[PDB]
Structures are given as structure tokens and as C-alpha cells.
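Working notes for the structure below.
The basis for the numbers below is simple: all heavy atoms, side chains too, and nothing from hydrogens, waters or symmetry mates. Just so it is clear: chains get the letters A, B, ... in the order the sequence lines come, proteins before strands, and each one is counted from 1.
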Amino acid sequence: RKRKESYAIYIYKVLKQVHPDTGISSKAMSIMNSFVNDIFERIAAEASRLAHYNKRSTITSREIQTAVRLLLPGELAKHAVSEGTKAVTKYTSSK
Amino acid sequence: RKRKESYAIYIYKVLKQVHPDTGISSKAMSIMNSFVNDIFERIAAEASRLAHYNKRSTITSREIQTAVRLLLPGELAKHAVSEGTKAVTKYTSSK
Amino acid sequence: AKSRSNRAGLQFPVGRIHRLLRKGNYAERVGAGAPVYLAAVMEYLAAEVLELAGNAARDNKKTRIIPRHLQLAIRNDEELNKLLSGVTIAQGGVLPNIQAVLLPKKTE
Amino acid sequence: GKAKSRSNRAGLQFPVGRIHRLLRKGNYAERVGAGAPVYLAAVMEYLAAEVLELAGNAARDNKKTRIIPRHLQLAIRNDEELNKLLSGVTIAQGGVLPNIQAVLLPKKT
Amino acid sequence: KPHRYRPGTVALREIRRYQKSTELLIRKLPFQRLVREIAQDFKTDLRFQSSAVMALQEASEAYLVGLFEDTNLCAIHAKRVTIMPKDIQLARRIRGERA
Amino acid sequence: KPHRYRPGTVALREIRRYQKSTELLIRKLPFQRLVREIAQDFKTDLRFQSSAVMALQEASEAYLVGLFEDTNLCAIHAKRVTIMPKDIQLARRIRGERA
Amino acid sequence: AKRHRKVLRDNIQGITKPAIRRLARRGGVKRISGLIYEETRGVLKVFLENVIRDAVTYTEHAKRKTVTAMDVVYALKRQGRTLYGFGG
Amino acid sequence: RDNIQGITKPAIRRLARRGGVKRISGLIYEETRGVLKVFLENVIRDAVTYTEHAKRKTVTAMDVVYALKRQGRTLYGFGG
DNA sequence: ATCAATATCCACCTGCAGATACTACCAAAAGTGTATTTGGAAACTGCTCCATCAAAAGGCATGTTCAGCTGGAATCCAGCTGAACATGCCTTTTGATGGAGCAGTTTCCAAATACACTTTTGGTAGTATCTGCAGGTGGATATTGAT
DNA sequence: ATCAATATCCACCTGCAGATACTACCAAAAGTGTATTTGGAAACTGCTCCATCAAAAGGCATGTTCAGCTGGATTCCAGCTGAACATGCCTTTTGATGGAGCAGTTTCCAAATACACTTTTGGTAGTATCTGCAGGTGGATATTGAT
Ligand SMILES: [Cl-]
Ligand SMILES: [Cl-]
Ligand SMILES: [Cl-]
Ligand SMILES: [Cl-]
Ligand SMILES: [Mn+2]
Ligand SMILES: [Mn+2]
Ligand SMILES: [Mn+2]
Ligand SMILES: [Mn+2]
Ligand SMILES: [Mn+2]
Ligand SMILES: [Mn+2]
Ligand SMILES: [Mn+2]
Ligand SMILES: [Mn+2]
Ligand SMILES: [Mn+2]
Ligand SMILES: [Mn+2]
Ligand SMILES: [Mn+2]
Ligand SMILES: [Mn+2]
Ligand SMILES: [Mn+2]
Ligand SMILES: [Mn+2]
């Protein structure tokens with residue numbers, strides 16, 4: 001029946017959050033969807049490498065954090081790390 | 001105990017074939033081991049990509065072939081593909 | 001019921017990222033926190049760019065973000081530009097920049 | 001039947017069984033076919049021979065028996081194809097190719 | 001006496017004009033034929049989704065524009081304002097695209 | 001008149017001598033001191049395998065040497081034979097290190 | 001009429017002097033030497049062959065006759081030229 | 001005297017020689033040191049990140065090798 | 001400085017491709033519940049090898065003097081390359097049609113995973129012998145540079 | 001052309017760091033036997049969309065003329081950077097001792113996986129209707145260049 005999922009609806013939600021009255025052309029949305037996928041891939045691959053390098057068979061939030069530190073530069077890294085730590089800490093605070 | 005494998009002994013054998021009366025220093029052996037590990041990793045990762053792009057769950061000699069065509073320069077590719085096909089065929093006509 | 005994104009306070013899909021992590025062959029196991037953390041970083045990054053792009057769209061008096069805005073914000077941000085140094089944004093053009101030596105002067 | 005290792009069957013010096021294990025445990029794909037490690041082992045051995053073959057001659061043009069890092073560097077950077085394949089690689093203790101820009105040589109330029 | 005802008009004035013107007021836009025600068029059909037010709041010499045009977053050809057054009061133009069920025073730095077470094085073949089070659093060599 | 005080699009002669013002699021060898025060209029200790037200092041800013045009381053410090057020196061010098069080759073080409077593009085900071089600058093910019 | 005399909009040759013000359021001038025302008029170039037045009041065509045050709053060769057290899061591996069935007073996008077990526085805007 | 005200055009004028013001259021450099025301007029030595037410093041900060045930062053992740057207090061050759069590889073500067077003869 | 005030929009800016013406007021909006025359908029996604037397996041954190045520790053000393057021995061960095069020759073400023077000018085213009089083509093655009101081929105759906109077995117069990121082997125360790133070649137000495141001769 | 005001052009090379013020599021040959025031991029790597037699961041190749045085909053044809057037209061390529069000003073050549077010389085020395089600071093080494101901590105080992109449990117059901121949802125397909133902005137006009141202001 002054909003199903004190709006993307007991050008468009010989520011990128012849209014975030015956009016409405018930061019610019020409630022700003023839209024986005026489908027090409028721009030296409031660029032953003034490529035951006036989000038690129039980030040996912042780069043981080044997962046680095047986490048994957050981190051796991052192998054330490055003989056671990058599990059990718060945890062810790063490998064992810066380290067991947068983020070290795071991949072993002074200065075300020076971006078710091079914020080991404082907070083945002084991630086926060087999300088995890090809040091996630092575990094729930095049953 | 002303490003075990004750490006490498007391709008050293010196999011590299012050494014390959015050396016004796018092509019040059020029976022030539023030795024190799026440890027530092028050079030180390031470089032050859034890195035070389036072989038690097039080739040393995042580049043081909044394996046690309047083979048991984050081709051299978052994922054095509055929704056295959058199996059990395060077969062076909063993925064290795066394409067990976068080699070994409071990674072090795074002209075002539076080296078031609079030859080490596082020969083060596084490859086030759087070893088799979090020899091191996092098949094057996095038990 | 002209550003989704004993990006909601007439970008994690010995120011817009012980005014935790015469940016899907018978790019699945020994508022499993023399907024990607026990155027490790028034999030993927031812990032529950034992994035996708036939460038990654039989803040958070042992904043959202044944070046998309047929010048940063050959209051924040052900047054939205055403002056650029058505003059400076060040019062447009063209410064719709066197009067590729068050009070993304071390209072502008074990314075190339076003017078020292079960090080976003082390094083993170084994406086090897087990326088090409090279709091229909092983004094380049095940053096206006098004319099070497100000083102190429103400008104005229106000294107009358108004639 | 002007296003066992004003849006998969007390497008011996010393939011007629012290779014490289015460890016087809018080890019390479020197979022490394023493919024699996026490297027998270028490359030859910031399943032790894034029987035041919036893949038064979039083919040891969042063959043490609044690796046081949047490249048190892050192409051380089052060892054060259055480096056061996058380089059050691060004999062220097063009147064030496066033992067291949068050293070310098071030898072590997074010279075054979076790799078003097079070969080167009082091997083140089084491209086390893087353009088991003090640094091060979092410890094390899095040094096560089098003798099090369100002096102003509103304009104820097106004696107009497108003008 | 002007719003109006004003539006001086007040598008370089010129109011050129012600067014064009015730099016500002018094209019740096020402000022994002023459209024493709026190479027004619028579409030002619031580029032598509034170039035792609036088909038090069039692909040055809042690798043494998044015959046190939047078909048292209050129209051977006052495959054557009055992806056190539058976007059990548060080719062981003063690539064040539066970027067190379068021209070570097071080439072331009074090589075010329076200016078030689079104290080010229082005119083880019084020459086040796087400037088492109090210098091840039092491609094430092095870039096690793098060459099020997 | 002005592003014996004003096006002309007300016008450039010010993011230099012060329014040196015190019016030939018160091019392009020022929022593979023020895024490390026920076027003094028070990030001074031180098032190891034630098035490493036530890038830089039590392040110290042990211043993490044304190046770090047120890048280093050002697051081989052780690054050796055990989056860093058091997059990579060650092062290969063890197064510098066390679067950079068000097070590109071810088072030399074930039075000096076020559078400007079019709080000079082003396083490398084200057086702007087030559088190093090142009091090379092890093094074209095490589096994407098400064099860009 | 002299916003016969004004598006148009007023969008493709010010398011298409012690299014489709015990249016005209018005016019088009020190369022425009023790209024150079026977007027690149028901030030003020031003055032262009034007469035030999036830049038052929039040099040550029042040569043450079044573009046090498047670029048395209050490398051990318052198209054890899055894209056076609058991806059196409060052939062998938063046992064297809066049609067080159068997809070993804071094939072190209074995958075081809076660009078393994079060459080260090082990641083492209084955003086066409087999928088993946 | 002301090003550490004980056006520990007990388008001497010003559011050592012830098014030797015590196016340049018290996019690079020085929022015949023004549024060196026006086027301002028090069030300080031430019032070089034700055035370049036070497038950025039190169040090491042970039043590589044070491046990543047090595048240390050690999051050290052910390054492994055919960056160690058010792059930077060290993062592999063940490064450096066892995067650091068070099070992700071900077072696109074693959075190094076042969078120290079492991080991996 | 002003034003005047004004119006043009007480029008550039010901006011307000012106003014209109015068509016419309018793209019964006020957005022409900023209605024509806026459902027296959028895969030995602031969450032819940034229990035049960036069963038296990039990765040690797042935590043604590044203890046043996047021994048590998050990293051940090052610090054000691055402490056000469058001298059290799060090599062640093063400061064200095066001198067001037068060769070390079071970098072860069074100033075000039076001159078052929079002719080390349082930019083601007084403008086006439087001419088007209090071939091790319092672009094709009095709409096249509098066949099059909100190649102990409103992709104969805106179901107069937108089916110060769111090949112892979114999952115295991116138990118036997119056999120083989122590459123790697124660590126000891127203890128011990130052998131050897132390619134770094135580094136040193138002579139003396140020959142090639143190179144460089146002053147006459 | 002002559003010849004002195006040095007650098008450079010070849011032939012030979014020899015100690016020893018480092019490569020090598022042999023034995024002993026064992027976890028784990030690897031192969032074999034068999035029983036079960038399943039990826040994805042075949043075969044058939046729905047349906048997207050790629051190739052191709054048609055016709056009109058004006059946006060833009062092409063070829064040309066003209067001359068402004070850039071590049072390339074030449075000349076000149078101040079002063080930076082190389083060569084050679086004299087000092088002597090500080091790296092290098094090697095010998096050897098603590099001890100930090102890497103890495104191996106035994107426990108043990110929070111968290112992962114597998115499995116069965118159930119509930120939610122993001123993607124799409126069919127249809128319709130808005131709206132941001134591209135492209136055009138027309139007049140006001142700005143920039144460029146000749147005087
Ligand atoms: Cl986790
Ligand atoms: Cl296979
Ligand atoms: Cl040229
Ligand atoms: Cl400078
Ligand atoms: Mn052809
Ligand atoms: Mn366990
Ligand atoms: Mn003087
Ligand atoms: Mn000069
Ligand atoms: Mn015409
Ligand atoms: Mn058909
Ligand atoms: Mn054995
Ligand atoms: Mn010797
Ligand atoms: Mn199935
Ligand atoms: Mn004239
Ligand atoms: Mn000039
Ligand atoms: Mn302890
Ligand atoms: Mn919904
Ligand atoms: Mn408009």
C-alpha cells in the first residue's frame with residue numbers, strides 16, 4: 001500500500017513551537033528531513049563505533065552522549081548534551 | 001591469560017610466497033596489519049550500506065563485489081574482483 | 001497509555017528512533033535511554049536551525065522558510081557551518097561575498 | 001573427512017573463518033553468507049600481496065633483505081592506484097618521496 | 001557619445017546578482033544530455049528519474065561554484081584578478097583532487 | 001677568504017637530507033610536554049602510553065610536512081621561493097581547515 | 001520512430017561560456033581568462049564521471065535500469081559531497 | 001620559557017625541509033606553532049573523549065588512532 | 001560639481017503552484033503485560049608499564065655578524081578580455097500517450113541460523129641461537145665556488 | 001680553465017637490537033553433524049512515471065567590433081633571511097624504583113529480549129479550497145561615468 005515515513009510532521013511541530021506563524025516550503029522541509037536523518041546516522045554510527053571499541057554489545061544513552069560530544073562543536077555540543085540528559089532523566093522519572 | 005589476534009602470521013605467509021628470501025620488520029608488519037584491517041573495514045562497511053539500501057538482511061559475496069568496485073581504483077578493482085570470484089568458485093567446487 | 005516521546009517531553013518520535021536504531025545494525029542491543037537521548041539531540045538541532053531560519057525568513061519579509069534561508073543561517077553560524085561543512089543544500093545558493101580587492105575605487 | 005580449513009578450500013593464505021567471524025560480530029548485517037568472507041579474504045590477501053610484492057623489490061633496490069616502513073611508503077606513493085586508495089593514510093616512519101620543485105633548483109628558475 | 005559601463009562594473013553587478021540568487025546557472029536540457037552521454041559510456045540502456053538528473057545538476061553546480069571561490073583565492077594570491085587554468089589546478093591540487 | 005656556501009645551497013642540501021630520511025624531526029621531550037599540557041585542559045592527571053605520544057608525534061609531523069608542501073606550492077604560485085604566513089593561510093583555507 | 005536513436009556526442013560543450021561565466025560569478029570571480037572555459041568543462045566532466053559511475057554501480061547492484069535520485073545521493077555521499085534535498 | 005615555544009625554530013625548519021621548502025620567512029615559526037597547536041587540540045580532545053568514555057585515566061595509542069581516523073587522518077602502525 | 005544614461009528600489013497587483021484542509025481507511029507502529037536471559041557495573045587485585053629520579057655526555061638550540069639575493073615597488077605597453085549589439089536558435093514550456101520497468105503480493109527451497117560436540121590452531125611464554133644492517137673508518141671522487 | 005675546500009659515496013667491518021627457531025600449554029577458534037527457520041529469488045502484474053513527440057516563442061547563446069586596463073616583462077635596491085661560528089643550555093639516555101591503573105576474574109541484578117495482545121497513529125488517497133509570493137507594471141531614487 002506504500003508507506004514512506006519521514007520526520008516532516010515532527011519538524012513541523014517544532015517549527016510551530018519556535019515560529020508559530022512561519023511556514024516551510026516542501027523543499028525546505030525536504031532539506032530538514034535530510035538534516036535530521038544525517039544527524040541520526042552520524043550519531044548512531046559513532047555510538048556504534050564507541051560500543052565496538054569497548055567490547056560492548058549495547059548502545060546506551062552514554063555512548064550516544066559521547067557520540068554527540070565527538071560530533072558536535074563547542075556550544076552545540078553543550079546544549080545537545082543538556083537537552084539529552086534532561087530528556088532521559090525525565091523519561092526515567094516515569095513508570 | 002591475554003590474547004590479541006592480528007593478521008601478522010598470514011601476512012608473513014603471503015610475503016614468503018611472493019618473496020621467499022625477504023623479511024619484514026615489526027614496524028612494517030604493524031603497518032601491513034593496519035592496512036589489512038583498514039581494507040576489511042572499508043569493504044565491510046560499504047557492503048553493509050549496499051545491503052541496507054536494498055533492504056537485504058544478508059551480506060553476500062555480491063555485496064562484497066560491488067563494494068570492491070566502488071572502493072578500489074580501476075585496475076586494482078579489476079584484479080581484486082578476479083581474485084575474489086576465483087576464490088569463491090574454487091571454494092564452491094568443494095567439500 | 002502514554003507514548004515515550006510524551007513521557008520524555010519530546011516532539012521527536014522516540015519509538016521510531018528506537019526502531020531505526022535496532023534496524024540499523026549498530027549494536028546487538030539498544031538500551032531504552034538511547035533513543036530518548038538521540039531523539040532529544042535531533043529535536044534540539046532541528047529547533048536551532050528552524051529558529052535561525054525562521055528569523056532569516058523574517059528579515060527578508062517572507063513568512064515561509066525556503067532553502068535559501070536554511071543555507072544563509074547555516075553558513076553564517078560558525079558552528080552549524082562546521083557541523084555541515086561537507087553538506088550541500090539544494091537551491092541554497094551561497095553567501096554574498098566579494099573579495100575587497102575586486103571592488104573599484106581611486107576614481108578613474 | 002580430514003578437515004581442510006575454508007582457507008585451504010578457497011586456496012587462500014588469509015583466514016576465511018576469522019574473517020567470517022569478524023563480519024558477524026561487526027554488526028554489518030543480520031546475516032552473512034558463506035561466500036562473502038571467502039571473497040573478502042581473497043581481496044585482502046590480494047592487496048596484501050600487491051603491496052608486499054612491490055615493497056619487496058623496493059627493499060632489493062636498496063640492497064636490503066628486510067622490508068621496512070620506508071619501503072611501504074615509497075611503493076605506495078609511487079603507485080598511482082595504491083596512492084589513491086590510501087590518499088588519506090599516514091604510514092608511521094614512512095617519510096616522504098624525494099621531490100624538489102624545479103624552480104627551487106640552482107641558477108634562477 | 002554612447003553609454004558604456006567600464007570594464008568590471010557589469011562583472012561586479014553580476015557577482016552581486018548571482019550571489020543573491022539560487023537558481024541553476026546551467027541550461028537544463030543541455031546538462032541532462034551531458035549526464036546521459038557520460039552514463040551511456042558506462043552502461044547502455046539506462047533511464048533516469050528526472051530528480052536524479054536534478055540532484056546531479058545541483059551537486060555539479062555547488063561543486064563548480066565552490067571550486068571557483070578557491071580558484072579566485074589563488075589568483076588574488078598571485079596578485080591578479082583574473083582567474084587562470086593554473087589557479088584551478090593549484091586549488092584542485094591542494095584540495096587533494098589531484099597529484 | 002674562508003669557504004662559504006652560497007645562500008640556498010645548504011638549504012637544498014637539507015631538503016635532500018630530510019626527504020631521504022624518516023626520523024622524527026621535533027625533539028621528543030619538548031613535544032611530550034606540549035601534548036600533556038594540551039590534554040591537561042580537557043582532563044586532569046592524565047597518563048599517556050609512550051606509544052600514544054608517539055602516534056601523536058607521527059601524525060603531527062606528517063601533517064605539518066604535508067602542509068609545508070602545499071604552502072610551498074602557494075609561495076611558488078605567487079612567483080616567490082620564500083614561504084610566508086599568507087601561504088600557510090591560503091593552503092589551510094583551500095583545504096577547508098580555515099574555511 | 002525507434003530507430004537511430006539520437007547519438008550523444010560532444011555534449012560537454014553544452015556547458016557554455018555564458019554558463020561557466022555565471023557559475024564563476026556566483027563564485028565571486030570578476031575577470032576570466034580565455035582558457036578557463038575548456039579547463040572547467042574538463043573539471044566538470046571528471047566530477048560527473050566519478051559520481052555517475054558510482055550512482056550507476058548502485059543502480060546495477062539493485063538490478064535496476066533506472067538511476068534514482070537516491071542512487072545519486074548515495075553516490076555523492078561516498079565521495080564526501082553529501083547532498084540535502086532529494087531524499088535520504 | 002614555555003611548551004609550544006618548545007617546538008623550536010630549527011625543528012620547524014627541518015619539517016619544512018622535508019616538505020621541500022627552500023626559504024623560510026621569519027614570521028613562519030609562530031604561524032606554524034599556532035597551526036600545530038590547533039591540530040593537537042583537535043586530535044587530543046577526541047582522544048581524551050575516547051579515554052573518558054572507556055572510564056580510563058590513560059590515553060592509549062588506540063585512543064589516538066581512533067581520534068585521527070575520525071579527523072579524516074587515518075594512521076598506520078600503532079594498532080587497529 | 002552638473003547632467004544624463006541606466007540600473008535599482010519599491011509600492012501595488014494578479015494569477016496560481018504550492019500549501020493546507022477535512023473525511024476516511026488500515027497496516028505497521030507503539031504501548032502493556034509477564035516471563036526468561038544476561039550484559040556489564042561493582043569490588044578486589046595482580047602485574048604491566050608509566051612517572052620520576054639520578055646525572056653525566058654532548059648533541060643541538062641560541063645569539064651574533066655579515067652580505068647575497070630575494071621580494072616587492074615602480075614603469076611601460078601589447079593585447080587580452082569585458083561591454084554592447086545584432087541575429088536568430090534551441091531551450092523551455094505545455095499537454096499527451098505508449099509502455100518499460102519499478103514495486104507490491106504470494107509461493108517456496110536453497111542457504112543461513114541455532115546447537116551440541118570434537119578437533120585444530122593461532123597466541124602467549126620460556127629459553128636460546130642467529131643475523132641484517134646501523135654506525136664507524138678509509139680513501140676515493142663529485143660538487144661547489146673562488147679565481 | 002685551475003684548484004682548493006667540503007660534501008658525498010662505496011667497500012668493508014662488527015656489535016647487537018631485533019628477528020628467529022623450538023618446545024609446552026590451552027582457551028577459544030573452527031569445523032562437522034542435524035534439525036529448524038527463513039531470506040529473497042521466481043513468477044505474475046498493478047500502476048507509476050520515464051521516454052518521446054508536437055508545436056510555439058522568446059530568453060539567451062553566439063559571433064563580432066572596439067578599446068580599457070590588466071598581466072607580464074623589466075629594472076632597481078633596501079633589508080630580510082641563510083650561512084657559519086662560538087657558546088653552552090637542556091634533551092637524551094639508561095638504570096632502576098615506586099606505584100597508578102589496565103586488565104582479568106567472580107558476583108549478581110537492573111535492564112534487555114522474546115512473546116502475545118491490544119490500542120493508537122502516521123501516511124495516503126480522494127477531493128476542495130485558501131494564500132504567500134512570483135513575475136509585471138510604472139514611477140521615484142541611486143549609481144555610474146562623461147565633462
Ligand atoms: Cl540506555
Ligand atoms: Cl554469499
Ligand atoms: Cl594558466
Ligand atoms: Cl604573510
Ligand atoms: Mn558514447
Ligand atoms: Mn554475564
Ligand atoms: Mn646590500
Ligand atoms: Mn625577484
Ligand atoms: Mn544564433
Ligand atoms: Mn513489463
Ligand atoms: Mn600451531
Ligand atoms: Mn651504513
Ligand atoms: Mn519469507
Ligand atoms: Mn589599445
Ligand atoms: Mn598591473
Ligand atoms: Mn591500585
Ligand atoms: Mn492521525
Ligand atoms: Mn517580486
Just name whichever nucleotide pairs with I/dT105, Watson-Crick or G-U, keeping both distances under 3.5 Å, else none. J/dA43
For I/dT121, the Watson-Crick or wobble counterpart (both distances under 3.5 Å): J/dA27
Looking only at the side chain of D/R9 (C-beta and beyond, no hydrogens), which of the listed nucleotides J/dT32, I/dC25, I/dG132 gets closest? J/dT32
J/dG82 -> Watson-Crick or G-U wobble partner, both distances under 3.5 Å, gives I/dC66
Could you tell me whether the phosphate oxygens of I/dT91, OP1 or OP2, come under 4.0 Å of any side-chain nitrogen or oxygen in E/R33? yes
From CZ of D/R31 over to P of J/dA41, roughly how many Å is that when rounded to an integer? 12 Å
When you get a sec, tell me which of J/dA51, J/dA19, J/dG71 is the closest nucleotide to the side chain of E/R36? J/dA51
Taking I/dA61, J/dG123, I/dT48 as options, the one with an atom nearest any side-chain atom of B/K2 is I/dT48
Separation of B/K4 atom NZ from J/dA28 atom P, in whole Å? 16 Å
Establish, with yes or no, whether the OP1 or OP2 oxygen of I/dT121 is under 4.0 angstrom from a side-chain nitrogen or oxygen of D/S5. no
Is the cationic atom of E/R13 (NZ for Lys, CZ for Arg) positioned less than 6.0 Å from the six-membered ring centroid of E/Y5 and within 45 degrees of its normal? yes
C1' gap between J/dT75 and J/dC3, integer Å: 36 Å
Under 4.0 angstrom between F/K1 side-chain N/O and J/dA5 OP1 or OP2: no
Can you find an N or O donor on one side and an acceptor on the other, under 3.5 Å apart, linking the side chain of F/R4 with the base of J/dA83? yes
Does a distance-only test, which skips hydrogens and angles, find a donor-acceptor pair under 3.5 Å between the side chain of F/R47 and the base of J/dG101? no
Select from F/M84 and A/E5 the residue whose nearest nucleotide in DNA chain J is closer to the 5' end of that strand. F/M84
Counting side-chain heavy atoms from C-beta on, which of I/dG72, J/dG71, I/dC102 comes nearest to G/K65? I/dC102
Closest to the D/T65 side chain, choosing from I/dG123, I/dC133, I/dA61: I/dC133
Can you figure out which of J/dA30, I/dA134, J/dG71 approaches the side chain of D/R21 most closely? J/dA30
Between C/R19 and A/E5, is there a side-chain N and carboxylate O pair less than 4.0 Å apart? yes
Would you indicate which nucleotide in I/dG71, I/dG122, I/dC69 comes nearest to any side-chain atom of F/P7? I/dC69
If we take the P atom in both J/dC26 and J/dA103, what is their distance in whole Å? 25 Å
Just checking B/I24: base, sugar-phosphate only, or nothing, at a heavy-atom cut-off of under 4.0 Å? nothing
Between the side chains of C/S3 and C/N6, does any donor sit under 3.5 Å from an acceptor? no
Pairing partner of J/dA100, by Watson-Crick or G-U wobble and under 3.5 Å for both distances, is I/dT48
Answer yes or no: does a side-chain N or O of F/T9 lie under 4.0 Å from OP1 or OP2 of I/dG145? yes
Rounded to whole Å, OH of E/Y5 lies from P of J/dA142 at a distance of 15 Å
Can you confirm whether the side chains of F/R36 and F/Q32 place a donor and an acceptor under 3.5 Å from each other? yes
Going by atom types only, do F/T82 and H/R23 share a side-chain donor-acceptor pair under 3.5 Å? yes
Separation of I/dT144 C1' from F/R13 CZ (nearest whole Å): 9 Å
What is the base-pairing partner of J/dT131, counting Watson-Crick and G-U wobble geometry with both distances under 3.5 Å? I/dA17
Under 3.5 Å, is there an N or O donor on one side and an acceptor on the other linking the side chain of H/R14 and the base of I/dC60? no
Round to a whole Å and report the spacing from CD1 of A/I59 to P of I/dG40. 11 Å
Hey, which of these two, H/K9 or H/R56, hits DNA chain J nearer its 5' end, going by closest nucleotide? H/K9
Side-chain N or O of E/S50 less than 4.0 angstrom from OP1 or OP2 on J/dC50? yes
Reading DNA chain I from 5' onward, which residue's closest nucleotide shows up sooner: G/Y37 or C/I17? C/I17
Using atom P of each nucleotide, how far apart are J/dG104 and J/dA27 to the nearest Å? 15 Å
G/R31 has an atom CZ; how far is it from atom P of J/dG68, in whole Å? 14 Å
Output the single nucleotide from I/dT20, I/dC26, J/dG71 whose closest atom is nearest the side chain of A/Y12. I/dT20
Would one find a side-chain N or O of A/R56 under 4.0 angstrom from OP1 or OP2 of I/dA41? yes
For a quick test of reading the model: is some side-chain N or O of D/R66 closer than 4.0 Å to OP1 or OP2 of I/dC133? no
Among J/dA134, I/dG122, J/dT52, which nucleotide sits nearest the side chain of C/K62? J/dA134
For E/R6 and I/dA83, is the shortest distance between a side-chain N/O and OP1 or OP2 below 4.0 Å? no
For a quick test of reading the model: is some side-chain N or O of F/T82 closer than 4.0 Å to OP1 or OP2 of J/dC80? no
Position toward the 5' end of DNA chain I (nearest nucleotide), E/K28 or E/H3: E/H3
Indicate whether any N or O donor in one side chain lies under 3.5 Å from an N or O acceptor in the other, for F/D87 and E/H77. yes
The side chain of C/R4 lies closest to which of these nucleotides: J/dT81, I/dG31, J/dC9? I/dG31
D/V38 vs D/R9 side-chain heavy atoms within contact, under 4.5 Å: no
Between atom NE2 in C/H18 and atom P in I/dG31, what is the gap in whole Å? 10 Å
In whole Å, what is the span from the CD atom of H/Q5 to the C1' atom of J/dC90? 16 Å
Check whether any side-chain N or O of D/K2 sits under 4.0 Å from OP1 or OP2 of I/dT120, and answer yes or no. yes
Side-chain donor-acceptor contact under 3.5 Å, H/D63 with H/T60: yes
